[PDB]
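Participant: The structure follows.
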Amino acid sequence: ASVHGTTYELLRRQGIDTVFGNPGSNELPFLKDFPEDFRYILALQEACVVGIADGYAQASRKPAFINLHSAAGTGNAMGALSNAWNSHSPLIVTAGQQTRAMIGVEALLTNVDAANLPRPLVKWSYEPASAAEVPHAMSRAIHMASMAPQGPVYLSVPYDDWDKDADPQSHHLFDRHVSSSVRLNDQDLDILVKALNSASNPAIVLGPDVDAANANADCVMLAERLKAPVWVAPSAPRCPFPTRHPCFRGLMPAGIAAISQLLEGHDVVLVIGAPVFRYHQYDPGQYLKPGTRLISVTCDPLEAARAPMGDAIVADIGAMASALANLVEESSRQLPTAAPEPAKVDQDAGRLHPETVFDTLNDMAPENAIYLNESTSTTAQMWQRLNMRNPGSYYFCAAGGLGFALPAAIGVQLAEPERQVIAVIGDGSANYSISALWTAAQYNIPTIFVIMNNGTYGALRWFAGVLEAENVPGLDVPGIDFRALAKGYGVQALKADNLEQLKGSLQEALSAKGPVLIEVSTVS
Amino acid sequence: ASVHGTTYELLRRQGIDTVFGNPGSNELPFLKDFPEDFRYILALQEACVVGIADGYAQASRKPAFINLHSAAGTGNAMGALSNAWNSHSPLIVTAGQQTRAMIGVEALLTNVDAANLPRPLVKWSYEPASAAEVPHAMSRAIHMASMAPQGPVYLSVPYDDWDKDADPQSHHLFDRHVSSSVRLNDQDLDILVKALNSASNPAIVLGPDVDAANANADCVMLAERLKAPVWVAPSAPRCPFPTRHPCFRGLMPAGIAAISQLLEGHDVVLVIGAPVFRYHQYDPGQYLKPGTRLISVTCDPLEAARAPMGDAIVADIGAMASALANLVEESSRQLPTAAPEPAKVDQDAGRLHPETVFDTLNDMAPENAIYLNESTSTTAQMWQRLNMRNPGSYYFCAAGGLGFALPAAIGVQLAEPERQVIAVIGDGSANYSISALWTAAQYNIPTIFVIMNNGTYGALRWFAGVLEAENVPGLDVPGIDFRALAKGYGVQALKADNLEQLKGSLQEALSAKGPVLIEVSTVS
Amino acid sequence: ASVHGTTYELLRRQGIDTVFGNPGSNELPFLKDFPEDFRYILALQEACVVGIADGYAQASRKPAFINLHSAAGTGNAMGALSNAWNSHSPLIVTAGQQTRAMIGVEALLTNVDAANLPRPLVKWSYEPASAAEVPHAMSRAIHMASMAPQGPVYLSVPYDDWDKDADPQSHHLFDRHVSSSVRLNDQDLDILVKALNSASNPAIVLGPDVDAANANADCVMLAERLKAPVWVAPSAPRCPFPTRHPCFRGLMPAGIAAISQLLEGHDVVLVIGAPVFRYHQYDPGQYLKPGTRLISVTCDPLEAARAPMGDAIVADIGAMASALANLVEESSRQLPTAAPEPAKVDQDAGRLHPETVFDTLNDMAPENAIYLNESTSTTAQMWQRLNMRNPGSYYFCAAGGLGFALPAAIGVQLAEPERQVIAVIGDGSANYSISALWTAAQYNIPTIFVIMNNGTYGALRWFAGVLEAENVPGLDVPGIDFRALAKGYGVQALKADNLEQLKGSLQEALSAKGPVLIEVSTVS
Ligand SMILES: Cc1ncc(C[n+]2csc(CCOP(=O)(O)OP(=O)(O)O)c2C)c(N)n1
Ligand SMILES: Cc1ncc(C[n+]2csc(CCOP(=O)(O)OP(=O)(O)O)c2C)c(N)n1
Ligand SMILES: Cc1ncc(C[n+]2csc(CCOP(=O)(O)OP(=O)(O)O)c2C)c(N)n1
Ligand SMILES: O=C(O)[C@H](O)c1ccccc1
Ligand SMILES: O=C(O)[C@H](O)c1ccccc1
Ligand SMILES: O=C(O)[C@H](O)c1ccccc1
Ligand SMILES: [Mg+2]
Ligand SMILES: [Mg+2]
Ligand SMILES: [Mg+2]
Ligand SMILES: [Mg+2]
Ligand SMILES: [Mg+2]
């Protein structure tokens with residue numbers, strides 16, 4: 001058997017059937033004779049390739065396979081990997097290396113010191129010492145990406161390895177099943193449960209890993225039993241709780257002071273599947289107000305280590321959420337009252353306010369719609385005006401790296417063909433991975449792209465204010481015709497300069513059979 | 001003064017007055033109060049930012065300053081840096097870090113293990129241990145990028161450093177002048193000169209570093225004195241010799257066997273400013289045929305070390321070229337006869353043959369035009385059909401990383417306002433850094449983009465044929481409207497489906513006052 | 001031929017004939033059938049192996065070859081490499097890797113992520129992608145270590161590579177000659193020479209690289225022509241000037257303020273072959289007093305970049321020293337007056353004062369003796385009381401890493417069999433690489449070890465006093481019998497509790513035919 005054959009067998013046996021990539025000569029020996037049980041998804045640029053795969057992996061809750069071209073290709077995807085790292089996305093990144101016979105002279109396309117290139121943005125980076133080792137190395141890649149805490153991995157393979165003979169003993173790799181579905185031991189778990197049962201005024205903070213583990217339901221239960229309010233950890237990469245459940249209290253602002261203020265009065269704060277805490281703006285203060293004790297359940301040792309306060313338990317979020325939900329007692333306290341609906345902002349017949357757009361989307365989008373957010377200055381209003389009842393309904397660049405939403409929305413839509421994906425992207429953000437649109441058109445992936453156009457890097461103008469910065473260059477991005485760009489890549493385009501047009505566009509997009517981009521004129 | 005003030009003073013004192021970047025919050029403290037003697041060039045995506053700066057640096061022959069946003073921003077430019085590394089481009093890459101007070105918890109936007117991120121694609125990567133150290137660190141960055149062998153450097157700075165007080169002793173950094181303009185010692189230089197004077201049938205091979213050092217003229221002289229043929233080293237990132245000079249013998253094919261064959265019969269082969277040798281395709285054979293001795297003059301120790309044959313001298317290409325040109329004796333041998341003009345290929349009234357395009361470009365483009373090449377399957381014909389008489393007239397992604405030409409052409413044009421830049425880019429390559437177009441429009445940089453559209457990854461289909469590799473997915477890129485894309489970013493667009501239209505388009509583009517993109521229908 | 005045969009051929013052809021190492025199974029395939037024209041020097045511990053090789057390389061002024069055992073072996077030598085890096089020691093460090101067939105499972109002895117292990121203490125670190133590449137990789141190692149700035153390199157080789165067939169084209173590696181013997185271009189050199197000729201009160205500061213390039217003589221000339229005082233850069237790893245020459249002004253204290261004070265009044269300060277400046281203690285002040293201009297000639301770009309002041313020229317120290325010495329005019333100024341002999345300290349009939357020891361050594365040691373210093377609290381008196389007239393007469397751990405002197409002295413003695421090597425080592429320092437003594441005994445290398453025994457980490461106690469730091473543990477090292485330790489490794493031992501015994505011991509050691517260790521009772 002060839003390394004080629006054995007590797008594809010390993011891949012299918014491990015459940016992989018899709019390859020996201022952008023071809024190069026170093027990868028031809030791998031891509032040739034592409035198995036009929038596999039499908040290839042092409043993207044015009046590596047940032048888009050990984051972005052799409054990322055969305056696919058996050059939504060499908062299974063690892064995604066990627067194939068890039070040597071250093072340059074890997075390099076173009078580094079930004080995307082920074083996000084994947086923060087979202088614990090199980091991505092298997094493979095890149096073609098020059099033929100071993102020419103790595104020495106460093107012939108064009110030689111990935112020099114390869115394994116070090118994607119570092120420190122991957123859980124594991126490696127290049128086999130021989131062709132027969134490739135299948136084994138691939139096995140390691142697959143599991144390193146899948147084990148908690150999930151994350152991106154990198155494997156570099158010289159192109160002349162594929163045709164070489166594979167080690168017969170490689171078949172032992174095919175059905176290996178590795179599990180990390182673990183939870184705190186019984187004795188210690190009871191101690192925790194008792195603490196929760198004793199809490200006089202508990203509070204729960206949920207992170208992206210909850211949604212990744214599809215522990216949403218269990219968390220809803222846990223929250224109802226403890227009759228506690230639920231917040232989403234700051235800089236939320238995903239939505240781990242139904243935003244209209246009586247317990248939900250929204251997205252926590254990414255500030256130290258802001259959060260300790262919010263948690264004040266709560267004797268026990270239980271954080272699940274989130275870093276403690278992904279702060280953003282500099283909002284100095286107390287990590288926790290006196291009287292508040294924090295307990296963190298994370299799937300990542302690195303998260304537990306850097307938490308500046310509280311205790312931590314490193315385990316599987318799904319296993320823990322389930323266990324806790326079924327052990328805590330039903331508190332006799334009154335279930336929290338649902339937060340009131342947000343106020344309806346004034347809206348004339350001109351350019352739209354973000355609030356108006358979200359309110360409209362909320363009214364017209366299907367209940368199981370999936371949103372992606374890369375409209376950097378409107379995140380707060382968005383989290384308040386969109387009723388997301390189900391899991392996997394929200395995605396935001398986990399590392400703040402723009403250029404994620406657009407390609408990722410295509411991946412998500414590819415993973416969830418039965419759920420309408422709607423990506424709300426700022427006019428500035430839309431440019432980073434604009435070429436991703438082509439993939440949606442080509443494979444007819446019905447993603448809807450709502451471009452919020454205010455002609456400026458809104459969020460930055462905001463920070464400029466708080467940072468009290470003046471004469472800052474490059475904050476405006478005028479002169480971009482998104483309908484023209486959509487046309488450039490074969491995607492139906494619509495324009496919405498006012499509320500009536502927005503409604504009309506949305507209605508048309510919703511019923512359209514292919515991808516659709518709507519350029520919305522928003523207020524600065 | 002502040003770290004902010006002192007740094008800008010250091011920058012201007014070191015000749016820097018332009019900042020290429022894409023803003024983020026971590027960089028606001030640095031960009032605020034932007035000095036009036038500086039200019040900011042905004043690009044919609046980091047790959048474009050570095051690409052533009054790269055072209056600017058290569059053409060201006062002076063370092064270029066870049067400002068990116070934390071990890072994600074740096075990550076998006078990794079592909080671009082792979083090229084910069086191969087072309088010895090003096091790029092000073094600076095990226096904003098989170099405020100020191102929040103690096104510990106790893107707040108959103110914290111560049112974790114920062115210095116390791118751009119490795120191994122930079123000569124130096126660093127993050128200061130204190131705010132007062134920033135100016136010094138900046139000084140190191142500037143010089144590390146400028147000293148031979150020039151290359152990209154990385155400096156990460158926590159955003160709260162800028163407002164801090166600078167060390168008064170920093171003024172000692174302002175006017176530091178570091179030189180690496182060195183050449184082989186007298187005794188040894190004479191030994192070399194005598195060897196060249198004794199060569200019965202010498203041959204000269206020139207690399208990108210010759211053009212970078214503007215040693216072109218001196219090399220022409222050297223070639224005429226020795227009455228020797230001149231070749232351009234394989235995978236040429238730049239053109240180091242007038243392509244129509246009687247001695248010129250063209251671009252060497254990137255094959256081991258092909259090159260040793262070419263050099264057979266030449267007793268002494270002098271290679272200047274090039275790696276020995278940037279092979280590409282696997283063309284096994286002898287590094288050198290018996291009877292051929294090789295001598296390499298490189299500015300990079302890494303190049304001299306990995307050369308699989310011949311002797312080497314590590315020194316400044318400019319200094320050496322000059323010295324050699326003035327010391328070698330005038331050989332009595334007959335000056336080589338100029339190569340004959342390439343044949344005119346058959347061309348009907350339909351889609352154009354690449355040859356036709358280049359022949360036309362050669363006839364219509366100004367004599368001091370500057371070309372950029374990212375039409376991967378037509379490089380050979382291009383090098384044969386374009387008469388490039390002057391230095392800095394050709395640029396090709398040094399590492400083979402696509403997405404360079406388009407943004408780089410804008411940088412070159414910005415550096416050479418008096419020379420018409422014409423970038424010939426394949427329809428596939430054009431997508432990688434498509435958003436760069438916006439910058440050309442915004443700053444009205446009159447670059448001309450000629451998109452060779454054959455709807456496929458030509459170079460890849462070719463190779464597929466050698467590998468007789470069949471069933472290779474993702475080799476075609478149909479459905480892209482480049483005129484629409486150009487419109488999307490505000491750039492005048494034209495279409496050329498045949499020779500007459502090509503001529504008309506070129507003529508219009510040439511006289512146009514702003515950037516122009518021409519979509520040319522080429523044969524598959 | 002085999003990789004084994006071809007590599008040894010490359011080694012001998014490149015002038016290497018000695019292998020310093022400590023064997024392991026991964027290295028057996030390389031060491032078997034050890035060529036008769038090579039010699040192996042065994043050391044009991046890796047820190048000693050590299051230490052010995054380091055001394056050998058520095059004295060012989062040629063690269064030294066080392067062979068260590070996988071990660072653990074490389075690991076034990078990391079401290080030694082830190083010194084080698086600071087002294088620009090051309091060391092070729094090779095370590096045996098597990099067989100390629102077992103690197104995947106990480107069998108015992110697998111050097112994981114090998115190339116990263118010695119980083120950042122090596123100029124180049126690498127592991128070949130195939131057996132046939134080994135000879136080429138070795139070639140790169142040899143040259144990367146030898147080119148300016150010289151330094152240690154690392155090459156990891158799977159043990160199953162040696163028996164594999166070597167690429168026939170490898171013979172092209174055998175006689176490659178790479179040169180970096182370069183100097184500033186003519187035009188710019190004259191500008192420099194004129195500046196020196198115009199200096200009204202020039203000063204010269206010499207570094208270790210001067211002695212490494214054996215540019216001592218030329219510097220003496222240069223100093224006499226300019227009639228300028230000469231200082232040795234702080235933390236001197238070597239002695240670059242005859243310490244009793246009328247111009248010599250001694251070792252500069254490693255303090256910023258101290259040095260700018262020393263240089264005050266000198267309009268032009270020329271620094272050659274030294275970092276600007278290897279400060280040690282925190283002595284804040286001005287880098288240079290107003291009126292002083294500094295010019296640095298360094299062989300290391302990293303040195304030129306971090307210099308906080310002055311101009312710099314990166315070139316070969318030998319070439320530059322020679323050129324300058326023969327171009328500067330003979331100043332009409334009065335040649336500096338030789339510094340007076342140091343005062344003779346009071347010495348009773350008890351424990352000895354360091355001063356007494358040095359005075360005695362100076363009187364009894366041959367004029368071409370070679371000293372090594374690792375008596376951390378007596379460096380100043382030593383530099384004042386030892387008349388070192390010739391080059392390669394002094395060595396001090398370049399990075400301050402103790403455990404260098406003892407093994408290095410053996411290497412130096414092995415390189416200079418005709419010069420008596422005398423290593424003055426503190427009782428604390430002697431322990432770090434104590435086992436090195438065995439090698440001296442085994443190969444009968446007549447090194448003389450003078451242990452300064454005051455039963456305490458003297459230098460640290462000093463610093464403690466500045467910090468007025470009190471209650472610092474682990475500063476005393478009582479209970480060590482060095483004569484017993486010497487006996488343990490088969491080295492003749494002597495004791496000196498007073499001046500008469502010292503004289504007697506030295507006299508006996510000097511005439512002894514093998515290594516000799518003298519334990520000297522010094523005052524605390
Ligand atoms: C790759 C990358 N480059 C730069 C940034 C910094 N940045 C953060 S928000 C922002 C503005 C983008 O705004 P847009 O999406 O147009 O909408 P708005 O800010 O008005 O919400 C920028 C440039 C980033 N996060 N990622
Ligand atoms: C960033 C990056 N991704 C992928 C590749 C691999 N690659 C090399 S040539 C090529 C084809 C691009 O072709 P195009 O420019 O459309 O024209 P051609 O000359 O090939 O017909 C590709 C995809 C690369 N070099 N760089
Ligand atoms: C490997 C290593 N460990 C620790 C130190 C720190 N250190 C510096 S000087 C010193 C004292 C050694 O003293 P000794 O050689 O006995 O003599 P004296 O200090 O009295 O001169 C120590 C422990 C070091 N430089 N290197
Ligand atoms: O795929 C390849 O071979 C490689 O990326 C390449 C091919 C042709 C031109 C530039 C770069
Ligand atoms: O610039 C920033 O602050 C940062 O990149 C950011 C801001 C807002 C949303 C996402 C990311
Ligand atoms: O040389 C080896 O094989 C290896 O270092 C080894 C061998 C036996 C015991 C421990 C370690
Ligand atoms: Mg990296
Ligand atoms: Mg905007
Ligand atoms: Mg094409
Ligand atoms: Mg290390
Ligand atoms: Mg002591």
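Convention: chains lettered A, B, ... in structure tokens order; per-chain residue numbering from 1; ligands numbered from 1 as shown.
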Which of segment 49-125 of chain C counts as strand (DSSP E or B) under DSSP, as a list in words please?

Facilitator: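 Strand (DSSP E or B) assignments inside segment 49-125 of chain C correspond to residues 64, 65, 66, 67, 68, 69, 91, 92, 93, 94, 95, 96, 97, 124 and 125 of chain C.
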
Participant: List every residue of chain B that has an atom at most 6 Å from any atom of chain A, giving for each one its closest atom pair and the distance in Å to one decimal, counting only C-alpha atoms, sorted by chain and then by ascending residue number, as JSON lines.

Facilitator:
{"residue": "B:31", "atom": "CA", "partner": "A:472", "partner_atom": "CA", "distance": 5.5}
{"residue": "B:32", "atom": "CA", "partner": "A:472", "partner_atom": "CA", "distance": 4.7}
{"residue": "B:33", "atom": "CA", "partner": "A:471", "partner_atom": "CA", "distance": 5.0}
{"residue": "B:34", "atom": "CA", "partner": "A:471", "partner_atom": "CA", "distance": 5.8}
{"residue": "B:42", "atom": "CA", "partner": "A:474", "partner_atom": "CA", "distance": 5.4}
{"residue": "B:45", "atom": "CA", "partner": "A:432", "partner_atom": "CA", "distance": 5.1}
{"residue": "B:72", "atom": "CA", "partner": "A:79", "partner_atom": "CA", "distance": 4.3}
{"residue": "B:75", "atom": "CA", "partner": "A:79", "partner_atom": "CA", "distance": 3.9}
{"residue": "B:76", "atom": "CA", "partner": "A:79", "partner_atom": "CA", "distance": 4.4}
{"residue": "B:78", "atom": "CA", "partner": "A:75", "partner_atom": "CA", "distance": 4.2}
{"residue": "B:79", "atom": "CA", "partner": "A:75", "partner_atom": "CA", "distance": 3.9}
{"residue": "B:82", "atom": "CA", "partner": "A:72", "partner_atom": "CA", "distance": 6.0}
{"residue": "B:105", "atom": "CA", "partner": "A:306", "partner_atom": "CA", "distance": 5.5}
{"residue": "B:107", "atom": "CA", "partner": "A:279", "partner_atom": "CA", "distance": 4.6}
{"residue": "B:108", "atom": "CA", "partner": "A:280", "partner_atom": "CA", "distance": 5.1}
{"residue": "B:117", "atom": "CA", "partner": "A:119", "partner_atom": "CA", "distance": 5.9}
{"residue": "B:278", "atom": "CA", "partner": "A:107", "partner_atom": "CA", "distance": 5.0}
{"residue": "B:279", "atom": "CA", "partner": "A:107", "partner_atom": "CA", "distance": 4.6}
{"residue": "B:280", "atom": "CA", "partner": "A:108", "partner_atom": "CA", "distance": 4.9}
{"residue": "B:306", "atom": "CA", "partner": "A:105", "partner_atom": "CA", "distance": 5.9}
{"residue": "B:401", "atom": "CA", "partner": "A:72", "partner_atom": "CA", "distance": 4.9}
{"residue": "B:432", "atom": "CA", "partner": "A:45", "partner_atom": "CA", "distance": 5.0}
{"residue": "B:469", "atom": "CA", "partner": "A:32", "partner_atom": "CA", "distance": 5.4}
{"residue": "B:470", "atom": "CA", "partner": "A:32", "partner_atom": "CA", "distance": 5.5}
{"residue": "B:471", "atom": "CA", "partner": "A:33", "partner_atom": "CA", "distance": 4.9}
{"residue": "B:472", "atom": "CA", "partner": "A:32", "partner_atom": "CA", "distance": 4.5}
{"residue": "B:474", "atom": "CA", "partner": "A:42", "partner_atom": "CA", "distance": 5.6}
{"residue": "B:480", "atom": "CA", "partner": "A:489", "partner_atom": "CA", "distance": 5.2}
{"residue": "B:481", "atom": "CA", "partner": "A:488", "partner_atom": "CA", "distance": 4.4}
{"residue": "B:484", "atom": "CA", "partner": "A:488", "partner_atom": "CA", "distance": 4.7}
{"residue": "B:485", "atom": "CA", "partner": "A:488", "partner_atom": "CA", "distance": 4.9}
{"residue": "B:488", "atom": "CA", "partner": "A:481", "partner_atom": "CA", "distance": 4.4}
{"residue": "B:489", "atom": "CA", "partner": "A:480", "partner_atom": "CA", "distance": 5.1}

Participant: Give me the residues near segment 264-274 of chain A as a ChimeraX atom specification, where near means some atom within 7 Å (using only C-alpha atoms) and where sequence neighbours in that chain fewer than 6 positions away do not count.

Facilitator: /A:199-210,233,289,291-299,317

Participant: Find the residue from C:421, C:122, C:361, C:11 that sits nearest to ligand 10; use only C-alpha atoms and all ligand atoms when measuring.

Facilitator: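 Comparing C:421, C:122, C:361, C:11 against ligand 10, the winner is C:122.
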
Participant: What is the atom CA of residue 377 of chain C to atom CA of residue 358 of chain C distance in Å?

Facilitator: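 Atom-to-atom, atom CA of residue 377 of chain C and atom CA of residue 358 of chain C are spaced 13.2 Å apart.
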
Participant: Please provide the set of residues having any atom within 12 Å of residue 211 of chain A, restricted to only C-alpha atoms, with same-chain residues fewer than 6 positions apart removed, written as a CSV table (one decimal) with N, CA and C atoms, in the first residue's frame.

Facilitator:
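This is the output file around25.csv:
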chain,number,residue,atom,x,y,z
A,58,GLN,N,-16.4,24.0,13.6
A,58,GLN,CA,-17.2,24.5,14.8
A,58,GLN,C,-18.6,24.1,14.8
A,59,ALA,N,-19.3,24.2,13.6
A,59,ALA,CA,-20.7,23.8,13.5
A,59,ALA,C,-20.9,22.3,13.5
A,60,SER,N,-20.0,21.6,12.8
A,60,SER,CA,-20.2,20.1,12.7
A,60,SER,C,-19.7,19.4,14.0
A,61,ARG,N,-18.9,20.1,14.8
A,61,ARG,CA,-18.4,19.6,16.0
A,61,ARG,C,-17.6,18.4,15.8
A,87,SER,N,-10.7,29.6,19.7
A,87,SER,CA,-12.0,28.9,19.7
A,87,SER,C,-11.9,27.4,19.9
A,88,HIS,N,-10.7,26.9,20.1
A,88,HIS,CA,-10.4,25.5,20.3
A,88,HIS,C,-11.0,24.7,19.1
A,217,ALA,N,-28.1,22.6,26.5
A,217,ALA,CA,-29.2,22.1,27.2
A,217,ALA,C,-29.0,21.8,28.7
A,218,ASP,N,-27.9,21.1,29.0
A,218,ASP,CA,-27.5,20.8,30.4
A,218,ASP,C,-27.3,22.0,31.2
A,219,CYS,N,-26.7,23.1,30.5
A,219,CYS,CA,-26.5,24.3,31.3
A,219,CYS,C,-27.8,25.0,31.6
A,220,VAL,N,-28.8,24.9,30.6
A,220,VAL,CA,-30.1,25.5,30.9
A,220,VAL,C,-30.7,24.8,32.1
A,232,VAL,N,-22.9,35.4,29.4
A,232,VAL,CA,-22.0,34.8,28.4
A,232,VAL,C,-20.6,35.4,28.7
A,236,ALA,N,-17.3,36.8,23.5
A,236,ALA,CA,-17.9,35.5,23.1
A,236,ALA,C,-17.7,35.1,21.7
A,237,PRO,N,-17.1,33.9,21.5
A,237,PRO,CA,-16.8,33.4,20.1
A,237,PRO,C,-18.1,32.6,19.6
A,238,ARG,N,-18.9,32.2,20.6
A,238,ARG,CA,-20.1,31.4,20.3
A,238,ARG,C,-21.2,31.8,21.3
A,239,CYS,N,-22.4,31.3,21.1
A,239,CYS,CA,-23.5,31.5,22.0
A,239,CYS,C,-23.8,30.2,22.7
A,240,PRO,N,-23.6,30.1,24.0
A,240,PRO,CA,-23.9,28.9,24.8
A,240,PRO,C,-25.2,28.8,25.5
A,241,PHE,N,-26.1,29.7,25.3
A,241,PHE,CA,-27.4,29.7,26.1
A,241,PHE,C,-28.4,30.4,25.3
A,242,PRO,N,-29.7,29.9,25.4
A,242,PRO,CA,-30.8,30.6,24.6
A,242,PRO,C,-30.9,32.0,25.2
A,272,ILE,N,-18.2,28.0,33.2
A,272,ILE,CA,-18.1,26.8,32.5
A,272,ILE,C,-17.7,27.0,31.0
A,273,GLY,N,-16.6,26.3,30.6
A,273,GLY,CA,-16.2,26.4,29.2
A,273,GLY,C,-15.7,27.7,28.7
A,274,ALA,N,-15.1,28.5,29.5
A,274,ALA,CA,-14.6,29.8,29.1
A,274,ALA,C,-13.3,30.2,29.8
A,317,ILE,N,-16.1,19.6,29.0
A,317,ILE,CA,-17.3,20.5,29.3
A,317,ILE,C,-18.6,19.7,29.2
A,318,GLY,N,-18.7,18.9,28.2
A,318,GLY,CA,-19.9,18.1,28.1
A,318,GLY,C,-20.2,17.2,29.3
A,321,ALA,N,-20.9,19.4,32.5
A,321,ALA,CA,-22.2,20.0,32.4
A,321,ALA,C,-23.3,19.0,32.7
A,390,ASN,N,-31.5,28.1,19.9
A,390,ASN,CA,-30.7,26.9,19.7
A,390,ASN,C,-29.2,27.0,19.8
A,391,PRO,N,-28.5,25.9,19.9
A,391,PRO,CA,-27.1,25.9,19.9
A,391,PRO,C,-26.5,26.2,18.6
A,392,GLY,N,-25.2,26.5,18.5
A,392,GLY,CA,-24.5,26.8,17.2
A,392,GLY,C,-25.3,27.8,16.4
A,393,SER,N,-25.7,28.9,17.1
A,393,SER,CA,-26.4,30.0,16.4
A,393,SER,C,-25.6,31.3,16.3
A,394,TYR,N,-24.4,31.3,16.8
A,394,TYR,CA,-23.6,32.5,16.8
A,394,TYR,C,-22.1,32.2,16.7
A,395,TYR,N,-21.4,33.0,15.9
A,395,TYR,CA,-20.0,32.9,15.8
A,395,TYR,C,-19.3,34.2,15.6

Participant: Tell me which of C:263, C:397, C:506, C:50 sits closest to residue 411 of chain C, counting only C-alpha atoms.

Facilitator: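 Looking at the shortest contact to residue 411 of chain C, the residue is C:50.
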
Participant: In Å, rounded to a single decimal, give me how far atom 15 (O, counted along the ligand's line) of ligand 1 is from atom CA of residue 404 of chain A.

Facilitator: 11.1 Å

Participant: For residue 53 of chain A, find every residue with an atom within 10 Å (counting only C-alpha atoms), except residues of its own chain fewer than 4 positions away, and show them as number ranges by chain.

Facilitator: A: 18-21, 41, 48-49, 57-59, 63-66, 84, 89-93, 407-412, 414-415

Participant: How would the residues just chosen look if you wrote them out with C-alpha atoms as a tab-separated table (two decimals), in the first residue's frame?

Facilitator:
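Written file, selection.tsv:
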chain	number	residue	atom	x	y	z
A	18	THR	CA	-13.88	16.65	3.14
A	19	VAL	CA	-10.69	18.46	2.17
A	20	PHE	CA	-10.57	22.26	2.35
A	21	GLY	CA	-7.67	23.75	0.43
A	41	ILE	CA	-13.67	22.55	-1.30
A	48	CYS	CA	-10.43	31.80	3.28
A	49	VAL	CA	-9.57	28.11	3.10
A	57	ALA	CA	-15.51	22.29	12.16
A	58	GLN	CA	-17.15	24.47	14.79
A	59	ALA	CA	-20.66	23.80	13.49
A	63	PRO	CA	-12.40	17.99	13.02
A	64	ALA	CA	-11.92	19.58	9.60
A	65	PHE	CA	-9.13	18.64	7.20
A	66	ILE	CA	-7.07	21.30	5.43
A	84	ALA	CA	-8.94	28.85	15.54
A	89	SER	CA	-11.30	24.58	16.68
A	90	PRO	CA	-10.22	21.04	15.75
A	91	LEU	CA	-8.37	21.81	12.51
A	92	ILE	CA	-5.96	19.40	10.83
A	93	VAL	CA	-3.67	21.64	8.77
A	407	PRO	CA	-15.49	32.52	4.92
A	408	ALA	CA	-16.62	30.84	8.15
A	409	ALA	CA	-20.27	31.56	7.33
A	410	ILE	CA	-19.80	29.51	4.17
A	411	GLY	CA	-18.33	26.66	6.18
A	412	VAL	CA	-21.11	26.76	8.73
A	414	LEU	CA	-21.99	23.84	4.38
A	415	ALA	CA	-22.16	22.01	7.70

Participant: Give me, as number ranges by chain, the residues of segment 24-197 of chain C that a backbone DSSP run labels alpha helix (DSSP H).

Facilitator: C: 28-31, 46-60, 70-76, 78-86, 134-146, 171-174, 186-197

Participant: Return as number ranges by chain every polymer residue, whether protein, DNA or RNA, with at least one atom no more than 7 Å from an atom of ligand 11; count only C-alpha atoms and all ligand atoms.

Facilitator: C: 375, 426-428, 452-458

Participant: Do you know which residues are at most 12 Å from residue 185 of chain A counting only C-alpha atoms, after dropping those on the same chain fewer than 4 positions away, and could you put them as a PyMOL selection string?

Facilitator: chain A and resi 189-193+313-315+319-320+323

Participant: One decimal, Å: what's the distance from atom CA of residue 385 of chain A over to atom CA of residue 373 of chain A, could you say?

Facilitator: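 A separation of 13.0 Å between them.
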